[PDB]
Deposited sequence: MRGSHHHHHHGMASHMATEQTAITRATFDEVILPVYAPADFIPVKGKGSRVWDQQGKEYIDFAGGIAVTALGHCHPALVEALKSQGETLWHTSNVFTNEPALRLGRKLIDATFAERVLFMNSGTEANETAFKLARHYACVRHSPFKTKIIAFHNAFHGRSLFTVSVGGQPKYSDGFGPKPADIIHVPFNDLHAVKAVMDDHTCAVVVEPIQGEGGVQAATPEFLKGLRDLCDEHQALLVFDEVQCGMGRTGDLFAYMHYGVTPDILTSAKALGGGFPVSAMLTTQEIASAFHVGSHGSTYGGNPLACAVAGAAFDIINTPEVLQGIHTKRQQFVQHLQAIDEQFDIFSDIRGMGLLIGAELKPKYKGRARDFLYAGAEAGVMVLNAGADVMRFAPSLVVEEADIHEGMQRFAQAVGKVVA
C-alpha cells in the first residue's frame, strides 16, 4: 500500500538533482520529495537567502509583519489575480485557511446555511480532518470519528455531475487544476470553465488547490494561467519554498475582508522570495517545457522497447505515465526497481508512474536518470 523506504535507503546529502544515501549510493532525483524541491537540492541562491536571513531574523508572530513577508506578498500580488495573501507553513494549512474562508465568506455575505462544498473523487488536499474530508479518497478519511459535514464528492472532469449537485446552499467548489496524486489527471478546458460559470451562477467561490501544480510546475507560474480561468481563492506550497516549509493562500480584497499580507515566517519568506525570483522568469518557464519533452521522448522510447505505457500526460514537469493493463498495479514495483537502478521516481496511484523533478534539472541528469529508469523497467518486464 504505502511507499516506505527500507533501513538501507536513508538520504544524507543532496546537490542539484542528485542525492546520496548513507552508503554513498548516488541517485538521480526525478521525485523532488513529491514536487517540493522545484529548484533541486541546496540551490546556491536559496542557500544564500537562508544563510543571510538566518543571521538577521528568523521568527515574528502574526501580530507583526516583516520585510521578507511583505516583499513576497507583493511579488505574488503583482504576478497573479491576488490582491491579498495569507502565509502559513504547509499546503494543508493553506487549504484549511482557503476552505474556512470560503465557508465564512458565504456565512457573512449570504447565509449561515450556505455551507455545501463540492469536491472531487481522487482529490488530495491534505491530511487534517477537514482537508482529508474534502479530499476524495474515503480510505484516508475513514476512522477518525465524525467528519466535518456538507462536503459532496463527484467525479473529476464530470461537469454535469457538478451542475447536478450545486445550488444556492453551495459555498465552494474545490479543485486541483491537475490532480497530481489522482493519476496525474488534467482538467479539460470545458470542465474548468464550467466550474467558473457555475460558481458565478450560484454565488459560490472557486477554490484552486495549486499546492502541487503551482509555482512553475506546469510551465506557467500557476496552472490557472494556462487555462485562463481565474479562481476566487488559490493555495500554493511545496515548490513555493523549494524545500523550506512555507505556504500561501491567495484571494481578492473583497473576499479577504470577510475575515496586503498576513503572517509569514521571515526566514521562510526570504527563501520563498529567492525561489520566486528564479521560477518567475521567462527563461526558466520556457525551460520547463523544453525539459518536459526531453523526459517524454525517453518515456516514449521506453514504451517502444518494453510496451508498458498506455498514456503519457500531465503539464510541464508534472509528468504522469499510465501503465498498460498487463502491468496494472505494478507502479510501486517500478518505483522500487528505479531506486535499485539509482533513480528516484513517484507513483500517482497503483497504475501510474509520476515524475516531478527540479524545474532546472540539467539535460545531462534527465538523460542519465531516464537511462537508469529504462534499465529498471528492463529488470521488471524480463
- prompt: Wait, which stretches of the deposited chain are just not there in the structure?
  reply: 1-32, 292-297
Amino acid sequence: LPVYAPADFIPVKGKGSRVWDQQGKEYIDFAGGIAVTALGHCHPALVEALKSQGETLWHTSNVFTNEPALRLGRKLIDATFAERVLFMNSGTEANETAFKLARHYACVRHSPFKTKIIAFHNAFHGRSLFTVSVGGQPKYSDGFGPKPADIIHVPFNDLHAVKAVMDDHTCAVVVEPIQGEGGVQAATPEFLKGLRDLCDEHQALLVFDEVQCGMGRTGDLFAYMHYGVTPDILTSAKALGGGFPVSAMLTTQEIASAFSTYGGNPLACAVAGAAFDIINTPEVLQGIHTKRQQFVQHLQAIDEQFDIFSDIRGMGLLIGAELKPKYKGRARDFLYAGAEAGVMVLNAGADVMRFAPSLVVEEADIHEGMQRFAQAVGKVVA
From here on, numbers count along this sequence of modelled residues.
- request: Determine, for stretches 303-311 and 235-243, which one has the higher mean CA B-factor as deposited.
  value: 303-311
statement: Ranked by mean Cα B-factor in the entry, 149-157 and 67-75, top stretch is 67-75
- request: Sort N265, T170, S133, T97 by C-alpha B-factor from the entry and give me just the highest.
  value: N265
query: Within this chain, which third does the Cα B-factor at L359 fall in: lowest, middle or highest?
result: lowest
- line: Sorting the chain's modelled residues by C-alpha B-factor and splitting them into thirds places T56 in the middle
B-factor third for the C-alpha atom of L335 within its chain: highest
task: Sort the modelled residues of this chain by their C-alpha B factor and say whether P177 lands in the lowest, middle or highest third.
output: middle
- request: Would you mind ranking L323 by its C-alpha B-factor against the rest of the chain and naming the third, lowest, middle or highest?
  value: highest
